[PDB]
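Contents: one structure, followed by commentary.
With ideal geometry, Cβ positions are generated from the backbone for all residues, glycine too; neighbour counts draw on all protein chains shown. Since every read-out is calculated from the coordinates, none of them should be taken as a lab result.
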Amino acid sequence: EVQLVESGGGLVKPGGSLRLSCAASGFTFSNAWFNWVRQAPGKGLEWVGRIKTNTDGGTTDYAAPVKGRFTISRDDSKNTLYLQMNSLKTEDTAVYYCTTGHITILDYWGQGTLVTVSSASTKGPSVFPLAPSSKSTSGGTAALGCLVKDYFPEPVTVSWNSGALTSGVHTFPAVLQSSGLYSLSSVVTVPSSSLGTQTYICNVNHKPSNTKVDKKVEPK
Amino acid sequence: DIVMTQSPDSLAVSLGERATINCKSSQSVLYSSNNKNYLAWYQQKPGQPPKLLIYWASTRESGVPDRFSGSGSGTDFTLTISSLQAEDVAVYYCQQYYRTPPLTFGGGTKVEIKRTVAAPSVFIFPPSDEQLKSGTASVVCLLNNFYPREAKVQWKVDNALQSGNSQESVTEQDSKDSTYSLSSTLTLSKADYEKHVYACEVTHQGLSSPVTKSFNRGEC
């Protein structure tokens with residue numbers, strides 16, 4: 001099966017630079033033309049640029065808003081595609097996708113990598129329990145959660161029981177506080193009887209700040 | 001540049017009913033040499049890249065269910081889901097590849113399930129002692145598994161209505177049961193929290209009268 005694995009996104013200051021990578025398998029890389037496409041948070045899809053095969057000259061072309069600042073390249077010996085992003089602007093904030101399909105029908109997409117362009121500094125979150133109680137139960141089911149407060153930039157990943165607990169989880173979209181920091185909550189609904197057995201732990205990872213926190217969530 | 005315009009911006013259809021979405025191009029994408037329209041449709045679910053559904057305006061991608069079909073020609077196109085399934089909730093994009101640089105996408109149409117009214121389960125969570133030690137108190141109200149998305153949450157502290165000190169966010173429509181969940185956070189100073197009953201009052205179509213969920217800090 002075709003695979004396209006991206007990496008390289010993160011927080012960068014305006015005027016700074018970043019290199020994204022897209023590692024491919026499952027097709028003849030040297031015969032593929034590639035496109036990068038981006039999607040700003042909550043917005044639509046915007047083409048970024050294209051690179052041809054070496055047979056077709058290896059030529060690149062770019063969307064007008066990034067021309068002169070971005071450079072696409074390819075390393076056929078590593079089956080990896082790159083996007084070098086210079087002179088970064090706040091409006092470059094987006095999830096960046098590598099794609100391929102030659103006629104431009106975008107049939108294969110990487111998973112996306114988020115680039116945030118901002119002058120604000122990274123900050124890891126504080127993690128607090130949302131304790132289950134008589135006030136969070138109905139019909140044999142109980143809700144419990146974690147509140148992930150005051151972090152920057154997006155994203156955080158919230159797991160439960162180191163990933164072993166997945167059903168009944170709702171991780172809400174972060175809200176932007178007037179402080180310029182994000183907060184979110186993650187809740188899970190479980191059988192009330194399992195609260196007398198089981199420890200519930202929320203595992204919070206904020207990769208931009210290298211912050212990992214595990215918080216036990218006990219009834220109150 | 002060929003501009004792609006989609007309508008409507010959002011469509012809600014009952015399970016098993018027909019859903020149709022429109023796409024218009026600012027100029028024809030029909031090539032007279034062959035007799036092909038250079039138009040594709042994509043489906044994008046939360047947290048995922050877009051997925052190719054239809055190309056040449058009407059050819060289904062391999063592996064795409066039969067209920068997806070495309071039609072139209074020249075300047076105006078439609079995508080049809082002949083029997084909408086709960087998992088089909090997604091944003092759908094058209095794309096032209098007739099006039100390369102730049103390939104362009106429509107703005108997207110959000111397809112949602114219309115289902116019967118479902119009232120929320122309302123739960124409330126007090127602040128943790130760990131957060132109180134830091135100077136702030138967050139109280140969280142959870143509305144779980146409700147439909148439609150519209151809901152009003154009012155916070156009261158010692159029966160006094162609050163404003164300006166809460167934020168909320170809502171999940172995307174559940175791909176299984178087509179409901180929503182909502183989290184609202186009331187943020188107060190530790191001092192203010194210690195000087196006062198905390199209540200979340202919820203108004204929603206599925207309720208005959210507002211539901212109030214509350215606790216007494218004295219007994220947490």
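Absence of a disulfide-compatible partner, taken as no other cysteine beta carbon within less than 4.7 angstrom, is noted in chain B for B:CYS220. For chain B, the extents of the C-alpha atoms along the principal axes are 79, 36, 27 Å, listed from largest to smallest. With only Cα atoms counted, chain A has Rg and Dmax values of 21.3, 69 Å. Taking every Cα-Cα distance in segment A:120-220 and sorting them into 5 Å bins starting at zero, the pair-distance distribution P(r) comes out as 3, 14, 25, 23, 16, 10, 7, 3, 1, 0 percent. A simple spin-label model places the labels of B:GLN27 and A:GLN3 4.3 nm from each other, with each point 7 Å out along Cα-to-Cβ.
Taken as Cα centroids, segment B:26-52 and segment B:172-194 sit 38 Å apart, rounded to the nearest whole angstrom. Rounded to the nearest Hz, the phi-derived 3J(HN,Hα) couplings of segment A:156-165 under the Karplus curve 6.51 cos²θ - 1.76 cosθ + 1.60 (θ = phi - 60°) are 10, 10, 10, 10, 10, 6, 6, x, 6, 10, where x marks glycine and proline.
Would you mind ranking A:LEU176, B:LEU132, A:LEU147 by Cβ crowding within 10 Å, fewest neighbours first? If you can, show how the numbers build up before the last one.
On the way: A:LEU176 12, B:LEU132 16, A:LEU147 25.
Ordered by Cβ neighbours within 10 Å, fewest first: A:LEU176, B:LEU132, A:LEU147.
Its Cα gyration tensor gives segment A:53-98 an equivalent ellipsoid; the semi-axes, largest first and in whole Å, are 22, 13, 8.
Kirkwood hydrodynamic radius computed over the protein assembly as shown comes to 24.1 Å, based on all pairs of distinct alpha carbons. Once the Cβ-Cβ distance of B:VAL197 and A:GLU218 is raised to the sixth power relative to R0 = 25 Å, the FRET efficiency obtained is 0.55. Across segment A:1-119, the fraction of Cα-Cα pairs farther apart than 21 Å, rounded to a whole number, is 31%. Remark: the A:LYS89-A:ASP56 segment gains 8.7 nm on full extension, using 0.36 nm per residue and subtracting the alpha carbon distance. The spacing between segment A:1-37 and segment B:57-83, judged by their C-alpha centroids, is 29 Å.
What whole-number distance in Å separates the alpha-carbon centres of segment A:52-118 and segment A:154-176? So the separation of the two Cα centres works out to 30 Å.
Counting 0.36 nm for each residue step from B:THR20 to B:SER175 and taking away their Cα separation leaves a gain of 53.9 nm.
Taken over the alpha carbons of segment B:1-114 as equal point scatterers, the Debye sum produces base-10 log I(q)/I(0) values at 0.11, 0.19 Å⁻¹ of -0.32, -0.93.
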